[PDB]
Amino acid sequence: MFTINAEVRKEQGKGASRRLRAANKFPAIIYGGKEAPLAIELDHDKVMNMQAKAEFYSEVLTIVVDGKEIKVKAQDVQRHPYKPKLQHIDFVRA
Amino acid sequence: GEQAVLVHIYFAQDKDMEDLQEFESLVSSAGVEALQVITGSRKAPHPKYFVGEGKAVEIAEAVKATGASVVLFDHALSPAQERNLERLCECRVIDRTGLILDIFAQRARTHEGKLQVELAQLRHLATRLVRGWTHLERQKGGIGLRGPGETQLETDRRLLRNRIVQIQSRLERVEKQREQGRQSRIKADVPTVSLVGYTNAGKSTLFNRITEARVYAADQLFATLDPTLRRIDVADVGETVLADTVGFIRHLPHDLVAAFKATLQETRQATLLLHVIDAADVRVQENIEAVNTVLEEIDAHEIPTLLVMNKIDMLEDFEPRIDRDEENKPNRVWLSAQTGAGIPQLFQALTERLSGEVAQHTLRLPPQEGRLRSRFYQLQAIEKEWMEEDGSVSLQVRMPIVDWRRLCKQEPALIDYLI
Amino acid sequence: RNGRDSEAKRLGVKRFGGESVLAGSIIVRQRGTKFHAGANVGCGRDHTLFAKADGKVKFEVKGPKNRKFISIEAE
Amino acid sequence: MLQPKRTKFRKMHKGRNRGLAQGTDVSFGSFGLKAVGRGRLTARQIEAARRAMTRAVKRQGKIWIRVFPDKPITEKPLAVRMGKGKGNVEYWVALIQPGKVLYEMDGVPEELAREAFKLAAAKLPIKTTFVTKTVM
RNA sequence: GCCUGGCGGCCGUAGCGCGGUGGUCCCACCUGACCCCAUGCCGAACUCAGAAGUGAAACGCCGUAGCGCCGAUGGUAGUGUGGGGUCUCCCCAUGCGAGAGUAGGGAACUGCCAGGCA
RNA sequence: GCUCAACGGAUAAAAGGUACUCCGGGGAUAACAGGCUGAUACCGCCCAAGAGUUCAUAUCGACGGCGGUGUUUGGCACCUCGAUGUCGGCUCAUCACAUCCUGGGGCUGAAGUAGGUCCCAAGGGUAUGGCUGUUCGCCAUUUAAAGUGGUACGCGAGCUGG
RNA sequence: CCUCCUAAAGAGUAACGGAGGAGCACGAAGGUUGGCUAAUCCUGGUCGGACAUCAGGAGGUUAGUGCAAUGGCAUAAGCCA
RNA sequence: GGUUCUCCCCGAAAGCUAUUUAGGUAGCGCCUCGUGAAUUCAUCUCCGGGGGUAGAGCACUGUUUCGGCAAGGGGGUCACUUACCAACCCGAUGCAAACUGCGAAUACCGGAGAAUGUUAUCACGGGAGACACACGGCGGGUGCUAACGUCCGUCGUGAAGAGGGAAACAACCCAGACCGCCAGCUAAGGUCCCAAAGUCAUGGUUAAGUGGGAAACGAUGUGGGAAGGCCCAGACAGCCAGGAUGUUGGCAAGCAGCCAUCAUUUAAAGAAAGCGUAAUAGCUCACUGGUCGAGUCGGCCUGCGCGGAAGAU
Ligand SMILES: Nc1nc2c(ncn2[C@@H]2O[C@H](COP(=O)(O)OP(=O)(O)NP(=O)(O)O)[C@@H](O)[C@H]2O)c(=O)[nH]1
Ligand SMILES: [Mg+2]
């Protein structure tokens with residue numbers, strides 16, 4: 001049911017990630033299987049309200065990147081130490 | 001809560017002797033672990049150590065052998081005697097008054113109790129300013145030369161006196177607060193009874209049983225600090241205030257008694273004192289003497305008193321009863337705490353104790369006496385209730401004269417039975 | 001009670017990987033054999049490692065225990 | 001009042017309290033009190049907050065204390081000069097960084113948990129926030 | 001080509017466990033002990049003269065992710081230089097960028113010599 | 001042949017008092033007062049277990065928390081050692097307000113008189129003696145009140161010298 | 001005088017900073033040749049107890065080092081002749 | 001303490017070691033003049049190295065919390081057992097300057113290569129001065145992550161450095177004065193007047209003179225963002241109506257306290273929210289509907305504001 005819409009990261013690193021989080025996106029990674037890992041950026045408020053639901057961390061999610069639907073599972077979440085925010089999500093293909 | 005060598009001396013010649021068992025009780029209540037209890041006998045105190053040179057060397061040897069941390073005398077000893085004992089044995093020395101002040105310091109949980117205990121400690125320490133060891137040495141000078149202008153001993157005396165005055169001033173503030181709390185009741189025609197006596201007299205548990213209100217009680221000496229007041233029912237005058245109080249011990253420090261002036265205001269102005277006495281204590285006469293001595297010290301011995309002998313259950317084959325003076329006024333009562341024996345007789349004696357009316361009226365009216373129900377049941381009660389022929393209702397009532405007068409003013413008073 | 005210390009011993013690697021050494025030059029001063037000796041390197045009585053031949057210093061890790069060895073490669 | 005039973009040494013250096021907290025998730029119970037600020041938490045403060053919240057929940061549920069004060073803090077007495085050796089140990093503190101979950105709580109409704117944690121946070125010297133258990 | 005022995009390279013992706021398998025040669029145990037040699041007692045070990053037996057144990061090989069081991073990408077922490085703040089601590093630009101953890105890998109690879117069987 | 005151990009070791013061989021004091025220096029360095037700080041002190045607030053005849057917040061307020069002043073004790077050694085006279089008293093004062101009295105007001109466990117507490121308010125007022133060198137303090141007797149602090153702990157080129 | 005830390009990953013680095021030691025010992029406790037491998041626990045066993053020696057097992061240095069601490073030590077630098 | 005004419009070039013240190021030494025002095029470090037010897041030296045790139053710091057982690061050394069599987073002791077039976085306690089091990093969770101199965105950035109050592117630099121490197125000789133340092137930044141010990149405090153490391157400035165800025169203000173920011181000019185461009189910092197330059201352009205916020213001093217904490221101030229409940233089955237605050245049966249539940253009536261805390265007819269009612277009553281009666285909250293026709297309710301994240309906020313000419 002969960003359909004996230006994400007872009008492919010032009011630049012990756014500390015500075016780029018913090019610029020994303022100041023612009024209210026945040027980075028994430030898709031790995032697993034045998035295709036190469038894909039580094040993407042997501043919309044923070046949308047994914048936060050999405051992961052408020054408990055079944056987010058159990059169902060098969062879909063992510064739309066460059067018009068391609070990739071089916072994934074949420075593997076790890078990195079959260080801000082004291083704010084209700086997200087730093088990074090790891091998605092495993094399945 | 002450290003290791004101590006305990007010291008007691010049998011001053012049998014004069015009344016300056018103290019009880020070793022009570023002393024050990026105070027020490028254990030303080031929490032100190034006793035490694036040895038030394039005894040001596042003397043005629044009058046030795047000025048240099050408070051004990052002989054031989055006994056001082058024995059206490060030094062005992063400290064050296066046992067590795068003790070403190071030495072607890074059961075007696076008041078001067079700062080010079082403390083200094084000389086300290087010089088002989090490196091361990092610290094605690095007076096009986098110091099032990100009592102330490103016990104109260106540990107026990108104090110309220111703001112008032114902390115204030116009083118720190119005032120007592122400040123006065124006790126102001127007594128012990130004999131050594132002015134400081135690193136600034138004597139300030140030399142002459143006429144027209146710079147300097148502090150005064151000695152360090154005088155400066156320290158100034159500072160101690162100033163801070164003592166500060167603690168005192170906050171204490172009269174606390175007295176004003178408690179006096180407002182008192183004055184809430186005095187404008188009312190309040191009866192107030194304060195139960196007081198030697199420690200471990202069972203008076204706190206007597207309060208708990210009478211008032212059905214939980215207050216701390218145990219086998220710990222000086223268990224209670226600060227008073228607690230509770231409403232109680234008495235047959236004659238109705239509502240009365242029972243007050244628990246901090247207990248006494250033989251030879252309370254005078255600085256402590258002065259510090260507790262704010263707390264003792266309840267006993268000062270009590271309409272009755274219930275002097276609760278442990279009958280099972282073999283030193284019962286000494287307890288009477290000590291309690292009367294402190295009452296005289298605070299100048300509260302002219303108040304009406306009534307003795308209450310608790311712990312009759314420890315007396316074999318005894319039943320409670322009330323001993324009465326030649327004027328037919330109950331001056332002594334006996335009772336028990338846990339078994340509850342003697343409690344109703346204590347209530348009856350309390351009814352008899354304070355009152356100024358014995359007349360009983362009988363009232364009756366046509367159907368206009370629901371207001372009479374309300375007013376009677378409002379002031380006190382209906383003493384004897386019944387009806388009679390033709391719908392008439394014949395009450396019998398006995399309430400105080402002030403209640404009579406206020407009821408007469410409020411009502412039309414066409415009953416022509418109540419004044 | 002705690003105003004004491006010993007003169008510092010100036011221990012450590014005195015001559016680093018790849019530098020040229022004459023015979024007899026101390027490579028590393030050490031308490032215990034933190035570096036062991038390999039080719040053309042001698043161990044002293046206080047565990048000093050010195051060059052036994054003119055060459056260039058080389059560091060390596062050898063053996064089952066992954067121990068560090070000092071060797072001198074003849075230039 | 002918490003304290004280590006024993007220690008290798010009696011006096012630690014002052015150090016610094018930089019960085020972000022580890023152990024930033026509610027692990028044992030369902031609810032937790034998390035530190036938003038930074039600073040020390042003394043054993044007296046920890047005891048005060050624990051007593052307040054345990055009174056707020058009248059002997060019900062279960063309470064975990066995640067922070068333990070294991071750092072000795074020395075203070076020199078008054079009328080003493082500088083130097084002449086390091087001061088004597090007077091109390092123990094727990095260094096708190098942002099994100100550190102301090103207390104944890106289970107077996108209670110969320111309203112009672114919030115009330116108890118307000119009463120506790122009224123005793124601590126650092127800003128805190130309410131947190132709830134999360135999956136992954 | 002297959003198997004064994006000796007000596008190396010590398011030093012856990014190489015180990016420890018579990019299951020199976022091998023005696024032609026080799027190896028192992030094994031047979032005996034005046035002597036060569038030895039037990040702070042013991043032919044257990046060291047050692048000598050051998051070859052009836054069995055691969056039981058050991059050893060080698062093969063299979064198994066039980067444990068060990070290895071281990072990205074992305075993010076995070078930290079930090080050099082320059083600048084800023086609300087300056088006990090942080091943030092911005094730029095360069096370097098962990099540890100832990102996840103996905104996954106992993107039942108080593110190889111050189112000289114000798115013997116047996118093809 | 002060295003506890004030359006004060007361990008780069010004055011000599012083989014060596015302790016104290018000075019208020020009867022002296023001389024060269026140093027504000028490189030203490031005491032006074034000033035400065036920085038503000039642990040301590042004083043005041044203020046946050047939470048509310050509890051006390052308060054029932055009743056957390058009339059009046060208080062434990063366990064703990066946060067500030068303010070610069071005011072006590074301290075910390076530092078910044079100024080002054082080619083001199084910045086110290087405590088108390090007398091004379092003369094001046095500001096602050098965290099108000100002692102008098103004014104205005106909210107609450108009150110304010111029936112009335114009399115109070116308590118908080119808020120506004122600095123115009124004016126704001127003891128005399130015994131004891132002691134005293135400041136303080138105790139006491140006697142007063143008053144509407146006998147405020148708390150700053151001013152080199154105001155004030156010796158104004159007095160005194162306990 | 002020696003060990004560690006402060007000490008900021010070469011050296012070095014102060015305070016009346018935090019903690020401990022030395023002012024020796026040994027003709028074997030030195031040299032060399034040959035040989036060997038610990039602590040602890042589990043189980044069974046005469047006197048035997050939680051802990052004396054023996055037998056096997058797990059374990060792999062949690063032992064040892066003449067004396068503090070640090071760093072080392074299985075080729076052993078540990079033990080025996 | 002004082003030490004007398006001029007100009008030109010270079011130009012410190014306030015550290016280590018030792019000392020009856022500590023405000024003295026000596027060697028070295030630093031200055032300077034001279035002589036001599038090589039890419040000698042610095043910077044950057046690449047290459048070869050060793051770290052054990054920051055961070056991290058918890059195998060080790062210690063410390064810590066909870067749970068699990070459970071020896072062993074002890075209050076009692078006079079070997080059972082256990083509301084106390086409970087080591088080992090297992091799982092999760094943290095902490096360490098004197099912990100490390102990990103581990104940077106920098107710095108340091110060495111080699112090679114350009115370019116650049118008044119040889120800036122090394123040695124020797126003549127002459128010194130100096131060995132009270134101060135503050136600022138970063139990393140620390142100590143102190144209270146107190147001090148214009150003290151003690152180290154490292155860089156900068158002052159010392160020994162003028163000019164511009166910070167009102168004034170050695171050590172902070174910009175910036176290194178050979179001399180003259182009534183010429184121009186910029187740095188920090190500024191551009192309404194004192195006072196040189198925008199009463200400049202565009203879009204927002206604030207109403208507090210906030211700006212131009214301050215905290216926990218308190219608050220329908222005001223702007224913005226993402227969701228949520230409800231509403232044309234009519235919502236929210238407004239406007240009418242009912243709160244009773246056992247029962248005065250029991251140990252005082254719902255309303256001192258304590259225990260049951262469940263039904264009920266029913267549109268609905270907690271054995272009752274405070275007031276109040278001696279206490280009932282009473283008061284009416286929770287509790288439910290009618291009428292009323294466009295939005296309403298309250299949590300989260302954030303910009304800027306408010307109170308908390310009292311000193312002496
Ligand atoms: N045997 C017996 N023990 C009694 C009796 N009354 C009281 N006690 C016990 O004596 C002790 C009394 O303590 P407490 O009630 O605090 O009396 P208290 O005098 O008010 N204590 P304090 O004055 O020191 O604060 C308790 O141990 C109580 O058990 C009695 O009648 N008989
Ligand atoms: Mg009592």
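Counting convention: from 1, in listed order, for ligands and their atoms alike. The analysis underlying the following values was restricted to heavy atoms, covering all of them including side chains, and did not include hydrogens, waters or symmetry mates. Numbers restart at 1 for each chain; the letters A, B, ... are given by sequence-line order, proteins then strands.
Ion pair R250(B)/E289(B) not flagged as a salt bridge, since none of the NZ, NE, NH1 or NH2 atoms sits closer than 4.0 Å to an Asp/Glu carboxylate oxygen. Taking the charged nitrogens against the carboxylate oxygens, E115(D) and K118(D) have no contact shorter than 4.0 Å, which rules out a salt bridge. Contact check on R283(B) versus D278(B) returns no salt bridge, with no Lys/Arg side-chain nitrogen under 4.0 Å from an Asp/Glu carboxylate oxygen. Between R50(D) and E47(D) there is a salt bridge, with a side-chain nitrogen of the basic residue lying less than 4.0 Å from a carboxylate oxygen of the acidic one. A salt bridge links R185(B) with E266(B): the distance from a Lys NZ or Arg NE/NH1/NH2 to an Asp or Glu carboxylate oxygen falls below 4.0 Å. A salt bridge does not link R123(B) to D255(B): none of the charged side-chain nitrogens sits closer than 4.0 Å to a carboxylate oxygen.
Checked by distance only, ligand 1 and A217(B) stay at 3.5 Å or farther apart across all their nitrogen or oxygen atoms. Checking only distances, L221(B) never comes within under 3.5 Å of ligand 1, N or O to N or O. Distances between N or O atoms of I312(B) and those of ligand 1 include no value under 3.5 Å. Any N or O atom pair closer than 3.5 Å counts here, and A218(B) shares at least one such pair with ligand 1. Considering backbone and side-chain atoms alike, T245(B) places every N or O at 3.5 Å or more from each N or O of ligand 1. When only interatomic distances are considered, the shortest N/O to N/O separation between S204(B) and ligand 1 falls below 3.5 Å. Residue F222(B) has at least one nitrogen or oxygen atom sitting less than 3.5 Å from a nitrogen or oxygen atom of ligand 1, judged on distance alone. Considering both main-chain and side-chain atoms, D244(B) never comes within under 3.5 Å of ligand 1 through any nitrogen or oxygen pair.
If you count the protein N, O or S atoms nearer to the Mg ion (ligand 2) than 2.8 Å, you get 1.
Between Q360(B) and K384(B), the closest side-chain pair of non-hydrogen atoms is not below 4.5 Å. Side chains of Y198(B) and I249(B) form a contact here, defined as non-hydrogen atoms less than 4.5 Å apart. Residues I46(D) and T42(D) have side chains not in contact (no heavy-atom distance under 4.5 Å, counting atoms from C-beta outward).
Annotation: atom 19 (O) of ligand 1 to nearest protein heavy atom, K203(B) NZ, 2.7 Å. In terms of protein heavy atoms, atom 10 (O) of ligand 1 is closest to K311(B) NZ, 3.5 Å. In this structure, the protein non-hydrogen atom closest to atom 29 (O) of ligand 1 is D219(B) OD1, 4.1 Å. Scanning the protein heavy atoms around atom 21 (N) of ligand 1, the nearest turns out to be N200(B) N, 3.7 Å. Shortest contact from atom 4 (C) of ligand 1 to any protein heavy atom: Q338(B) NE2, 3.4 Å. The nearest protein atom to atom 15 (O) of ligand 1, hydrogens excluded, is given as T205(B) N, 3.1 Å; this is a heavy-atom distance.
Those atoms of ligand 1 with a heavy atom of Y198(B) less than 4.0 angstrom away are 19 (O). Atoms of ligand 1 found under 4.0 Å from any heavy atom of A223(B), numbered from 1 in the order shown, are 22 (P), 24 (O), 25 (O). In summary, the atoms of ligand 1 found under 4.0 Å from a heavy atom of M314(B), numbered by their order in the structure, are 1 (N), 2 (C). Of all atoms in ligand 1, numbered sequentially from 1 with element shown, those under 4.0 Å from a heavy atom of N310(B) are 5 (C), 6 (N), 31 (O). Taking a cut-off of under 4.0 Å to the non-hydrogen atoms of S336(B), the atoms of ligand 1 that pass are 31 (O). For ligand 1 and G247(B), the ligand atoms under 4.0 Å from any heavy atom of the residue are 23 (O).
Ring-centre distance between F23(B) and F73(B): not below the 6.0 Å cut-off. Taking the six-membered ring for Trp and the full ring otherwise, the centers of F104(B) and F222(B) sit less than 6.0 Å from each other.
Between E383(B) atom CD and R398(B) atom CZ the span is 6.5 Å, to the nearest 0.5 Å. Rounded to the nearest 0.5 Å, atoms OG1 (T211(B)) and CD1 (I232(B)) are 8.5 Å apart.
In this structure, the ring pair (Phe, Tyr, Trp, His ring centres under 6.0 Å) partners of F318(B), at least two apart in sequence or on a different chain, are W334(B).
Proximity of a side-chain donor or acceptor of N84(B) to a complementary backbone N or O of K48(B) within less than 3.5 Å is detected.
Both the backbone and the side chain of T224(B) come within 4.0 Å of ligand 1, counting heavy atoms alone.
Just one residue in the list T240(B), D236(B), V237(B), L274(B) forms a side-chain contact (heavy atoms from CB on, under 4.5 Å) with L350(B), and that residue is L274(B).
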